[PDB]
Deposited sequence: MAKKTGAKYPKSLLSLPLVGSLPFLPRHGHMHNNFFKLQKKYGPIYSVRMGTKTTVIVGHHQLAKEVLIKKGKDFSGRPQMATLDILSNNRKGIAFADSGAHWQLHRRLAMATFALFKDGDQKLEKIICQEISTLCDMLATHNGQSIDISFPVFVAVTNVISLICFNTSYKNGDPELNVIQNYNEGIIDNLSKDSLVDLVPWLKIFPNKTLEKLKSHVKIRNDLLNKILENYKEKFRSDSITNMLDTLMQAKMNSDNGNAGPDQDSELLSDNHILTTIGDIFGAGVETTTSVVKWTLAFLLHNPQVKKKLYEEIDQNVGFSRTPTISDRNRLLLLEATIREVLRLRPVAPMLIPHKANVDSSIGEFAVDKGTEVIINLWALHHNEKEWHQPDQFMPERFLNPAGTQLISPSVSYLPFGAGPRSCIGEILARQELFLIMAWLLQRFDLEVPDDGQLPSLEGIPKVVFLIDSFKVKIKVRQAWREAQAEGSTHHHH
């Protein structure tokens, strides 16, 4: 009796369980690195930090490419911009300029911009005293203005419906960009009839039309004696072309990525820490104690307070470990014939870092499935530590995040201002938010409500 012919084999079931975790599970069988082939494309998944730091750092330039995806093409306006552009003159140029712009708010100091919008955020939420609300949108508004000031030196006022329009096409872009992660085993979208690409083009069209109208209005405003924002930095470079790479679409797409990344990432991480704090009241209680002691109510928190508020800075680290924004980063591509752990990797191969596997490695983390911000503190709780090298929430090397400083500062200040001023409790109904998560291009959390009430200690300190 003979064996059946085999036309295809996948090591696990599609769309059953999270991809990043199904891949992780395979390591028990095949080791920390292995490959899968879909027609001609070969994809390599790396799930150990040593191999990962070879791919991202030690051989950064070799693997600095991006694979091409049909969905990403629409969003990146055919591989322009930064995040989804292939390695090349255009990618490198815009990344540099973008990084350069952040210099223009170094001691309109970035810390002062952020706290400005947080103050407005906290006054809004104070009116909701005693009510249970979703805080998604108010935070969305806060960070949107920050990124807008950096890009245009403009900010939207409360109730500007352009804010709701932006919220609408961002949710639509994220929803259709990918069912789960950007890492699909099976290219379902080229197989069955679907409106996926149609829908995406419509959300993206609206977004693009909105970014063109800001550009056309700003060409009148642009003056070379003033370089104060990202859009100035980019138009200046165009005019110093005595050029193909600084076309209107190249600039537009780049702003697109920055606007997108600066909002959806930080909002999602803010929602994640609160979710974790409702589930872990002991940690939250100690956070109140901490901030009461080292900051009090004489003033509002500042970047200098990271030195004193260690349990908070540690909490944020633990959330980025447990629920990374990109649990498989963005996929990488081999620009040349190269190797990994002395295994051959041909040019054009897709390389995916399983960051989830790095952050949940039993041999690198104690009880890695548990929320324990303490793990990033010494036993005394007197200074921060780095208990594992297997930790890359922001990536590493040529393709590493470029908003990490901004990112880290926003999260710290938002969480500090809120804890100073607000009791944040479970709503009158007994539900807690599910921590299971939703894997999109971003690792999202199901929307949930939190009862917000102004702190008694905040009121009294006004008398």
Stretches of the deposited sequence lacking C-alpha coordinates, in sequence order, are 1 to 12, 120 to 121, 257 to 265, 487 to 494
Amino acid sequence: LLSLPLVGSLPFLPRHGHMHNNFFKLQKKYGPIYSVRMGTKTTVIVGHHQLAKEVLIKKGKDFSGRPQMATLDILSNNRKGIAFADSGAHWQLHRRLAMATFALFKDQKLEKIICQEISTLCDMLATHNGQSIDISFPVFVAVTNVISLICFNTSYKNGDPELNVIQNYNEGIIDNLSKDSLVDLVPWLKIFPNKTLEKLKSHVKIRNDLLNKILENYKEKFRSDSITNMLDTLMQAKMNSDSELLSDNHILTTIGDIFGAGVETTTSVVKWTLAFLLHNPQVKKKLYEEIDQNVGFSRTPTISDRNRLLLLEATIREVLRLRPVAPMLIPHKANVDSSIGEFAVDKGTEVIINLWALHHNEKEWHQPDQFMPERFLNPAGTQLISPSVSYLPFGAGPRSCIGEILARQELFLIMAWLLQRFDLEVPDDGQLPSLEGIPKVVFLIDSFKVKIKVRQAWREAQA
From here on, numbers count along this sequence of modelled residues.
Higher of the two mean Cα B-factors (259 to 267, 298 to 306; per PDB record) comes from 298 to 306
The stretch whose C-alpha atoms carry the larger average B-factor in the entry, 223 to 231 or 317 to 325, is 223 to 231
When the entry's CA B-factors for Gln293, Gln131, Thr71, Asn168 are compared, the highest one belongs to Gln293
Per the deposited B-factor column, the C-alpha that peaks among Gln116, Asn354, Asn361, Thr144 belongs to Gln116
Binned into thirds over the chain's modelled residues, the C-alpha B-factor of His48 lands in the lowest
The third of the chain into which the C-alpha temperature factor of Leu4 falls is the middle
Chain-relative C-alpha B factor for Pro11 (record values, thirds): the middle
The third of the chain into which the C-alpha temperature factor of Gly39 falls is the highest
In terms of its chain's C-alpha B-factors, the third that includes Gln420 is the middle
